[PDB]
Amino acid sequence: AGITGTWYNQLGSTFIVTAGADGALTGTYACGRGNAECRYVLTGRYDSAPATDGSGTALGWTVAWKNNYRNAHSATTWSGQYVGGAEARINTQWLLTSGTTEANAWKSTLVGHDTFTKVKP
Amino acid sequence: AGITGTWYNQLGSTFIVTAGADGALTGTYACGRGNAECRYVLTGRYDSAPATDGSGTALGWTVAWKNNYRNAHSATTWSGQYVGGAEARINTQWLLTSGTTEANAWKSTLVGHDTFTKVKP
Amino acid sequence: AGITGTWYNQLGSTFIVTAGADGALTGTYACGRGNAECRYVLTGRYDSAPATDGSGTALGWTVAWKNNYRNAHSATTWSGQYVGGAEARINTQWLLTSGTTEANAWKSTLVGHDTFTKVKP
Amino acid sequence: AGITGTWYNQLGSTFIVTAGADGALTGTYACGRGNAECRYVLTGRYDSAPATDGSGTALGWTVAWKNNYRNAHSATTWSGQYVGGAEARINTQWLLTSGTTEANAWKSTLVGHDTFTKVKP
Amino acid sequence: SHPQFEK
Amino acid sequence: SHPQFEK
Amino acid sequence: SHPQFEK
Amino acid sequence: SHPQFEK
């Protein structure tokens with residue numbers, strides 16, 4: 001599907017993903033340094049039979065920010081689409097939610113965007 | 001973790017999820033009617049060792065809107081937190097992205113919110 | 001347009017707005033206590049010739065969180081629609097952005113939703 | 001405040017804004033062609049006494065998509081911050097809400113991001 | 001309509 | 001199309 | 001806390 | 001800081 005492989009955002013974070021025949025996404029999200037301490041599990045889904053009209057391929061994934069080294073009590077979803085071609089990209093918007101008390105719910109969820117490319121920034 | 005089970009949004013859509021010991025979320029998202037044609041795979045992650053200070057438990061999941069019956073060329077991520085107690089809820093914001101041509105990228109991603117409860121609306 | 005007047009969110013914050021014939025929104029956003037220290041200027045726009053097909057009326061507004069008492073170096077936009085009837089409401093999603101250094105841009109913008117009614121929560 | 005003037009997004013839309021001493025934003029949003037038919041009123045607010053620690057200046061504005069030529073029954077808020085320097089920019093996330101019937105509320109609000117610069121794309 | 005919201 | 005994005 | 005949510 | 005953005 002052209003999705004499988006290593007992707008880099010413009011801050012130089014990386015994730016590696018396997019797109020399954022079935023529509024499964026599985027892999028790992030890491031800081032650009034790539035040490036164990038900054039790797040986290042990533043699971044999601046994608047449209048495994050996209051349009052052939054030049055549309056992108058819709059996907060999303062989640063990372064819970066807990067590994068064997070660290071727990072940020074939070075989780076980020078990226079929602080977006082894969083766009084193929086000589087300059088493939090994955091264009092995304094994300095929601096980072098932290099666990100809060102009900103008082104602090106107002107500040108629970110950050111929003112932002114990421115463009116992933118096959119080559120580093 | 002109190003997450004495993006059936007959840008209902010205020011429109012009466014439902015998902016059933018298994019929270020794994022490891023932080024895995026797996027299950028199915030369905031229309032309130034619940035027929036095969038409206039069931040879709042759901043995968044995500046959650047914080048499997050949340051704070052014990054009365055904070056919620058952060059999670060997220062993705063559904064690609066393709067099953068054996070239908071392909072809406074799109075995918076929704078829910079980002080939020082699980083709040084336990086006699087009236088448990090999962091408070092969420094979501095991003096629905098459709099595959100588009102580069103011209104139509106502007107209209108690619110809808111945003112909204114869902115509150116899931118253990119009991120129907 | 002049914003928009004002019006006092007609105008209350010579910011946390012009991014309030015804003016008072018004047019909808020101008022021209023599409024202007026002007027007024028004040030306050031904490032439920034309503035003291036001077038928690039009042040802020042609000043300006044926005046609305047669709048002054050909405051559809052008559054039972055659609056809502058689209059609007060939005062901004063509050064910069066600076067008054068004579070306080071500067072939170074931040075600003076919130078509410079984007080939504082006004083829905084008339086015996087139980088009028090304004091359904092909204094908001095973006096709260098704080099001024100940050102470029103390092104801290106990731107945490108610059110919170111997202112959430114508000115429902116405003118004519119009667120207090 | 002360095003905000004007053006003409007800004008261009010990466011699609012080549014433009015807005016011209018006057019930042020008032022008081023924190024007012026007023027001006028016009030246009031398509032890159034700039035004809036009357038594609039100009040719309042813009043009003044918002046900004047932090048008129050930002051931090052001096054190298055933080056950006058928080059702002060937001062709204063455009064209701066109605067002028068003398070066209071009514072798209074919708075309104076967009078941009079929430080973001082102004083970052084000064086030789087390469088000034090305004091970094092933004094936006095919410096475009098259309099008036100809908102209650103059935104169609106799900107598709108009422110699009111989300112996206114814009115970077116404005118002093119020079120065209 | 002869209003399956004996220006169909007009855 | 002929508003005037004936020006028209007040329 | 002933040003004035004959008006203060007009582 | 002947060003691991004989504006740490007170097």
Side-chain angles (χ1 to χ4, degrees), chain A residues 9-13 31-33 38 72 74 76 93-94 96 98 106-107 109-115 120-121, chain C residues 40-41 62-77 94-111, chain D residues 1-10 15-25 27 44-61 77-94 113-119 121, chain G residues 1-4, chain H:
Chain A
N9 76 351
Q10 291 327 300
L11 285 131
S13 289
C31 79
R33 207 166 157 78
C38 74
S74 60
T76 304
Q93 321 205 42
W94 56 254
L96 169 48
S98 310
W106 62 271
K107 69 155 166 209
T109 309
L110 289 167
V111 65
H113 57 90
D114 267 318
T115 307
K120 295 192 185 158
Chain C
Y40 295 86
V41 169
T62 309
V63 173
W65 299 105
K66 172 181 181 326
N67 65 10
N68 303 318
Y69 304 97
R70 163 74 157 285
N71 189 352
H73 300 307
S74 60
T76 304
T77 66
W94 56 254
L95 288 179
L96 169 48
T97 308
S98 310
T100 68
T101 66
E102 289 178 347
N104 290 335
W106 62 271
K107 69 155 166 209
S108 69
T109 309
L110 289 167
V111 65
Chain D
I3 290 169
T4 291
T6 312
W7 292 90
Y8 301 96
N9 76 351
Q10 291 327 300
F15 70 94
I16 197 197
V17 67
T18 292
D22 52 3
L25 295 181
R45 305 287 297 172
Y46 80 101
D47 180 6
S48 30
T52 66
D53 68 345
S55 300
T57 300
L59 45 54
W61 67 88
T77 66
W78 289 251
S79 179
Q81 68 174 307
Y82 161 75
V83 174
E87 292 185 300
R89 55 195 162 278
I90 310 192
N91 296 315
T92 71
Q93 321 205 42
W94 56 254
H113 57 90
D114 267 318
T115 307
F116 295 89
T117 58
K118 287 301 324 178
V119 309
Chain G
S1 75
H2 184 287
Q4 182 175 337
Chain H
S1 75
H2 184 287
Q4 182 175 337
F5 312 99
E6 286 165 344
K7 248 148 271 194

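Throughout, a chain's letter reflects where its sequence line sits, starting with A, and its residues are numbered from 1.
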Between D/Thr4 (side chain) and D/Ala19 (backbone), is there a donor-acceptor pair under 3.5 Å? yes
Main chain of A/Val111, side chain of D/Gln93: is a donor-acceptor contact present, judged purely on distance under 3.5 Å? yes
Does the separation of the ring centres of D/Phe116 and D/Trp7 fall below 6.0 angstrom? no
A side-chain contact here means heavy atoms from C-beta on lying under 4.5 Å apart; do D/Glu87 and D/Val119 qualify? no
Between A/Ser13 (side chain) and A/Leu11 (backbone), is there a donor-acceptor pair under 3.5 Å? no
Heavy atoms of other groups near D/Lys118 NZ, more than 12 under 6.0 Å: yes
Neighbour count above 12 (heavy atom, 6.0 Å) for A/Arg33 CZ: no
Evaluate the ring planes of G/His2 and C/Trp65, with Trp represented by its six-membered ring, and classify them as parallel (under 30°), tilted (30 to 60°) or perpendicular (over 60°). perpendicular
4.5 Å side-chain heavy-atom contact, A/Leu96 and H/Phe5: yes
Who are the side chain to side chain donor-acceptor pair (under 3.5 Å) partners of D/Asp47, not counting sequence neighbours? C/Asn71, C/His73
Do C/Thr97 and D/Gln81 have side-chain N/O donor and acceptor atoms under 3.5 Å apart? no
Would a 4.5 Å heavy-atom cut-off, applied to side chains only, mark D/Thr77 and C/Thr62 as touching? no
Check whether any side-chain heavy atom of C/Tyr40 sits under 4.5 Å from a side-chain heavy atom of D/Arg45, and report yes or no. no
Examine D/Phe15 together with D/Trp61 and report whether their ring centres are nearer than 6.0 Å. yes
